[PDB]
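Every read-out reported here was derived from the displayed coordinates using simple, explicitly stated rules and does not represent laboratory data. A quick note on method: Cβ atoms are made from the backbone with ideal geometry, for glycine too, and the neighbour counts reach across all protein chains shown.
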Amino acid sequence: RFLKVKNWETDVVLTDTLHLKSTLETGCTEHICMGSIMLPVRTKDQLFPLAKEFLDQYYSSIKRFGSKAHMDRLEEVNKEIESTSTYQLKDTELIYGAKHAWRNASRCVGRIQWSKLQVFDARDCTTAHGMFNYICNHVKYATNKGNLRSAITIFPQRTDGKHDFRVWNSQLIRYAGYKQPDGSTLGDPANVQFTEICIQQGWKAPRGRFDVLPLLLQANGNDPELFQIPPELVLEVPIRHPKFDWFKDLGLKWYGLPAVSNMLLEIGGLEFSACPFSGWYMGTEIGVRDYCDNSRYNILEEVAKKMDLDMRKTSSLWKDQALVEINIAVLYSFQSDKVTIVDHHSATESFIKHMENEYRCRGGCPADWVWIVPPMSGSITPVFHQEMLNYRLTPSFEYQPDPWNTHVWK
Amino acid sequence: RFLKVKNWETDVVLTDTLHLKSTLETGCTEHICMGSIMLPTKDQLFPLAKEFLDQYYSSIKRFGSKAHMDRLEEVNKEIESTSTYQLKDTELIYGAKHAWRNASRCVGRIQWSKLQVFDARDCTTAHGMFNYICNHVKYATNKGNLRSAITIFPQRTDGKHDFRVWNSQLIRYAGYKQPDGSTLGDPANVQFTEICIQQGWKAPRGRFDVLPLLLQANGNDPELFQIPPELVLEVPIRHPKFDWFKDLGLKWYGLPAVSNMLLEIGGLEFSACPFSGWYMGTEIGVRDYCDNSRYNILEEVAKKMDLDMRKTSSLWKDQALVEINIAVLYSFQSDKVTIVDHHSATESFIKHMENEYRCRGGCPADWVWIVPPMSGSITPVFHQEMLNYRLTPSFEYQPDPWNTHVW
Ligand code: HEM
Ligand code: HEM
Ligand SMILES: C[C@H](O)[C@H](O)[C@H]1CNc2nc(N)[nH]c(=O)c2N1
Ligand SMILES: C[C@H](O)[C@H](O)[C@H]1CNc2nc(N)[nH]c(=O)c2N1
Ligand SMILES: CCCC(=[NH2+])NCCC[C@H](N)C(=O)O
Ligand SMILES: CCCC(=[NH2+])NCCC[C@H](N)C(=O)O
Ligand SMILES: [Zn+2]
């Protein structure tokens with residue numbers, strides 16, 4: 001079956017066939033669309049076919065499909081699964097797997113960079129201290145003094161589900177949030193629960209507005225342990241504005257390395273529950289969402305006041321005006337400090353080119369419109385006008401429940 | 001099943017059961033979601049009619065009553081004998097209001113019950129249509145104090161006597177392909193504009209020429225008519241600070257009236273059902289004015305603001321965008337012409353959504369269309385999960401008449 005996708009701005013129509021290889025469900029039925037819904041131990045049986053599917057794709061990609069090497073590997077894995085209930089991926093297969101989970105991530109607008117990914121094999125890791133060392137190395141390599149490099153560190157795969165490796169932090173670098181008795185919040189509201197766990201686990205919180213959280217790491221299913229990231233490894237950018245000299249006095253700053261650490265990487269049926277990965281920020285993530293979401297730093301008013309905008313009525317679009325200035329400030333500061341970052345215009349224009357390229361060479365590009373379109377200036381970015389098809393391909397990155405809700409304490 | 005919807009900003013959760021009453025397909029499947037796709041017999045009729053009459057009588061607290069039963073049989077006998085049926089005035093009004101209520105892509109449905117319905121089912125000629133339309137335009141405009149309304153022309157019979165308003169909107173600007181290769185006016189209407197010329201209209205070749213109405217009655221060929229200039233309210237666009245703005249020579253019409261859709265009520269199809277409300281600022285300022293394939297004015301405005309257009313990272317497009325939208329809202333409000341900003345409108349929709357969830361069990365909404373084209377996440381709807389599904393009565397898209405008409 002062929003599915004057409006049209007761009008209402010250029011009239012360019014594309015044809016998708018890749019979706020035919022979609023296996024997982026979407027949450028939508030022929031009667032209801034759940035497109036705007038945030039989030040709608042395997043057995044030997046359902047494992048080998050998943051392993052086979054993957055190996056077929058791997059060998060096909062290297063132009064060795066049907067080869068003796070291809071056939072022996074399948075036999076090798078089958079024997080391994082029947083003999084151990086699981087199997088180990090070759091280094092090359094792991095790299096290939098990691099790159100494709102990224103390539104297949106329908107909610108990522110930065111996939112034009114999918115082939116450039118440094119993969120760190122941490123499958124020989126056995127303890128929390130070990131994980132800490134691996135994570136420090138990842139942070140330093142990826143930061144690269146501001147010239148960010150995409151990377152991912154892969155810890156031991158899940159086995160019986162009782163010895164899972166997990167990074168309890170949602171991101172390797174993030175600011176603490178503290179609920180005050182008066183009901184207000186100091187720091188990042190998004191991380192209040194995790195901050196409370198860190199404190200309960202022994203962390204001495206400086207209780208400031210931008211405290212870098214400590215790492216809470218779980219190795220081989222054991223109770224998590226706290227570690228402080230060497231401060232000198234944490235690159236941060238003070239936020240100032242090119243024209244507004246009072247902006248810097250708002251006391252704002254952010255970290256330069258965005259690294260998602262709470263997702264699950266699925267490759268050939270295997271589950272990698274600890275797989276922190278990082279790239280670089282698209283400006284709006286910080287300037288629109290992290291700073292202006294009502295449930296995040298919520299700085300719109302305070303900024304609007306200093307600009308002395310007419311905040312008496314919404315029709316003055318004072319929120320919209322303050323929003324642009326803030327985002328101008330984020331880009332300006334990062335560029336000035338020579339810390340990699342991309343604005344939403346460049347990022348979306350690149351995605352459209354990546355997407356068209358993918359349709360031609362791969363026959364498709366699963367994309368979540370709701371997530372791809374930036375949180376500000378939507379229609380003035382090309383992705384807004386682009387029809388998209390969302391479906392799930394493996395390898396992939398999946399959400400997984402927060403560990404404190406499932407962990408069996410020892 | 002019973003689906004739940006969460007607002008990630010307020011944590012508030014709502015349970016949807018109304019979707020269980022959906023009937024038409026969504027275009028999506030368990031393997032693929034098409035949420036961002038602009039457009040994914042007597043035996044067939046009675047069940048549809050029954051479904052409608054049932055919900056109607058239920059709304060008037062007379063479900064299962066003799067009246068309910070009587071009406072059901074009357075319509076039943078009418079379909080069997082005449083292969084179709086006529087709605088009572090009360091059923092027509094209820095149907096139109098509910099089509100709006102069910103329009104998943106409309107952010108202003110909190111106003112759904114306040115709709116003036118003009119029954120034009122007695123219309124027989126194109127001239128009759130023109131008269132009905134002028135009256136609608138005048139009633140809705142109301143000297144700037146806009147009132148929502150819809151005019152319903154005769155329903156479909158054998159598909160060969162369909163009433164159609166060829167225009168996409170009652171009021172819209174023409175577009176012409178110039179020698180330069182460029183386009184004069186609204187690119188979105190180039191094609192329709194040519195069918196008018198190709199039909200007789202004497203295009204003024206301007207940047208903002210109000211198009212003539214191309215009305216089709218009883219399947220006959222469409223006729224042209226000029227909407228009385230004095231009935232077309234327009235607003236010259238100026239900025240409250242940039243005195244140079246007025247020089248861009250921009251203006252827009254005050255009455256947004258969709259006229260190319262099809263109204264479905266109890267199986268019956270009303271192929272000519274122009275309806276109107278009032279504008280939400282961004283529709284004009286963001287889409288009509290800045291869409292690359294529309295008036296595409298960003299650069300011009302940017303230049304006059306004197307900002308660094310050298311690099312995209314200076315966000316000159318975003319700055320210019322905000323100003324253009326401040327100007328649209330400013331002008332309409334200055335001339336006392338009804339208009340709502342995206343902040344106010346989305347806040348209202350969230351309120352409506354909550355009312356609909358507790359009183360009706362849900363509210364079908366298309367996130368992709370509900371979220372404004374600018375400042376997405378600073379509006380509450382961005383953080384509001386929404387379930388999209390089709391409920392009838394409904395407003396449907398339909399083929400442009402010139403691709404089906406047999407002259
Ligand atoms: C090179 C820089 C990159 C840019 C500019 C980019 C940009 C983005 C943005 C803007 C989002 C949405 C984030 C949000 O709203 O929370 C996103 C999501 C995502 N990206 Fe990328 N990305 C980059 C690299 C990567 C890398 C290295 C990976 C994986 C190896 C990746 C995997 C994903 C995934 C899985 C999501 C969805 C996360 C979620 O559901 O919260 N991205 N990306
Ligand atoms: C009174 C104020 C109203 C407001 C502020 C409002 C606002 C909106 C907006 C912002 C859109 C999207 C327009 C676009 O992107 O092209 C829309 C679409 C729509 N509205 Fe409303 N609306 C109003 C009245 C009405 C009325 C009176 C009806 C029906 C009787 C209605 C039916 C629809 C339909 C069917 C759509 C989708 C149109 C399409 O698919 O192009 N609206 N509305
Ligand atoms: C409810 C809705 O799904 C939610 O607010 C989504 C919308 N689009 C998004 N897009 C991105 N990139 N990131 C997000 O967190 C969201 N949140
Ligand atoms: C391709 C995509 O569906 C298309 O650009 C949609 C996006 N959201 C929209 N939302 C509204 N209100 N109006 C539109 O015309 C669109 N266009
Ligand atoms: C790993 C990918 C890099 C990236 N651009 N974004 C990750 C999510 C970051 C999150 N949106 C934030 O503002 O912190
Ligand atoms: C009839 C509904 C009222 C309304 N706000 N919009 C209809 C579509 C208008 C179209 N988006 C425009 O900018 O002209
Ligand atoms: Zn869907």
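Between B:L39 and B:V232, what is the label-to-label distance in nm when each label sits 7 Å out along the Cα-to-Cβ direction?
2.5 nm
State to the nearest 20 debye the size of the charge dipole of the protein assembly as shown about its Cα centre, where the only charges are +1 on K and R beta carbons and -1 on D and E beta carbons.
640 debye
When we measure straight from the Cα of B:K202, which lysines land under 23 angstrom away, once same-chain ones fewer than 8 places off are left out?
B:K177, B:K251
Could you work out the helix-only [θ] at 222 nm for chain A, with each DSSP H run of four or more residues adding -39,500 (n - 2.57) and the total divided by the number of residues, to the nearest 500 deg cm²/dmol?
-9500 deg cm²/dmol
Give me the log10 of I(q) over I(0) for segment B:264-369 at q = 0.11, 0.13, 0.23 Å⁻¹, as the Debye formula computes it from C-alpha points; what are the numbers?
-0.54, -0.71, -1.22
Assign unit charges at the C-beta atoms only (+1 for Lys and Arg, -1 for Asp and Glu), then state the dipole size of segment A:304-386 relative to its Cα centre in Debye, rounded to the nearest 20.
140 debye
Round to the nearest 0.05 the FRET efficiency obtained for B:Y397 and A:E398 when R0 = 41 Å and r is the Cβ-Cβ distance.
Efficiency, rounded to the nearest 0.05: 0.70.
Output the Cα-based Rg and Dmax of chain A in Å, rounding Rg to one decimal and Dmax to a whole number.
In Å, with Rg to one decimal and Dmax whole: 22.6, 74.
What does the C-alpha gyration tensor say about the overall shape of segment B:119-196? Classify as rounded when a/c is under 1.5, otherwise prolate if a/b is larger than b/c, or oblate.
oblate
Compute the label zone of A:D91 within segment A:197-224: residues whose backbone N is under 11 Å from the point 7 Å along Cα-to-Cβ.
Once the point is set 7 Å along Cα→Cβ of A:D91, nothing inside segment A:197-224 turns out to lie under 11 Å by backbone N.
Can you list the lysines whose alpha carbon is less than 16 Å from that of B:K97, not counting same-chain residues fewer than 8 positions off?
Those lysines meeting the cut-off are B:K88, B:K114.
How charged is the neighbourhood of B:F153? Take every other residue with its Cβ under 13 Å from the Cβ of B:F153, and add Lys/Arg as +1 and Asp/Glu as -1.
In short, -1.
Explain nothing, just compute: Karplus ³J(HN,Hα) = 6.51 cos²θ - 1.76 cosθ + 1.60, θ = phi - 60°, for every residue of segment A:390-399 in order, whole Hz, x for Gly and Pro.
Residue by residue, segment A:390-399 yields 10, 7, 9, 10, 10, x, 7, 9, 10, 7 Hz.
Give me the log10 of I(q) over I(0) for segment B:37-146 at q = 0.10, 0.23, 0.24 Å⁻¹, as the Debye formula computes it from C-alpha points; what are the numbers?
After summing over all Cα pairs, the log10 values are -0.42, -1.25, -1.27.
Please express the shape of the protein assembly as shown as an equivalent ellipsoid: the semi-axes are the square roots of 5 times the eigenvalues of the C-alpha gyration tensor, given largest first in whole angstrom.
For the protein assembly as shown, the semi-axes come out at 50, 33, 26 Å.
Starting from the 7 Å offset along Cα-to-Cβ, what nm value, one decimal, do you get for the label separation of A:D182 and A:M311?
The modelled label-to-label distance comes out at 1.7 nm.
May I have the pair-distance distribution P(r) for segment A:188-283, computed from all Cα-Cα distances with 5 Å bins from 0 and rounded to whole percent?
Taking all Cα pairs of segment A:188-283, the binned fractions are 2, 9, 15, 20, 20, 14, 9, 5, 3, 2, 0 percent.
Using 1/(1 + (r/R0)^6) with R0 = 22 angstrom and r between the beta carbons of A:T159 and A:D121, what's the FRET efficiency to the nearest 0.05?
The formula returns an efficiency of 0.80 here.
If you take the beta carbon distance between A:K140 and A:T23 as r and set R0 to 41 Å, what does 1/(1 + (r/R0)^6) give as a FRET efficiency, to the nearest 0.05?
0.65
Points 7 angstrom from Cα along the Cβ direction at B:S113 and A:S346: gap in nanometres?
Spacing of the two 7 Å Cα→Cβ label points: 5.3 nm.
Out of all Cα-Cα pairs in segment A:5-73, roughly what percent, to the nearest whole number, are more than 20 Å apart?
Roughly 61 percent, once rounded to a whole number.
Between segment B:77-94 and segment B:238-264, what's the alpha-carbon centroid distance in Å?
With segment B:77-94 and segment B:238-264 each reduced to a Cα centre, they are spaced 39 Å.
Cα-Cα over 18 Å: which of A:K21/A:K52; A:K21/A:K79; A:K319/B:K351?
Flagged as over cut-off: A:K21/A:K79; A:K319/B:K351.
Mind listing the long-range amide H neighbours of A:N298? Cut-off is under 5 Å, sequence gap 5 or more, other chains count too, H placed in the peptide plane at 1.01 Å from N.
Sorted by chain and number, the residues that satisfy this are A:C292, A:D293.
Which distance in Å, rounded to a whole number, links the C-alpha centroids of segment A:142-211 and segment B:167-194?
Taking the Cα centre of each part, segment A:142-211 and segment B:167-194 sit 55 Å apart.
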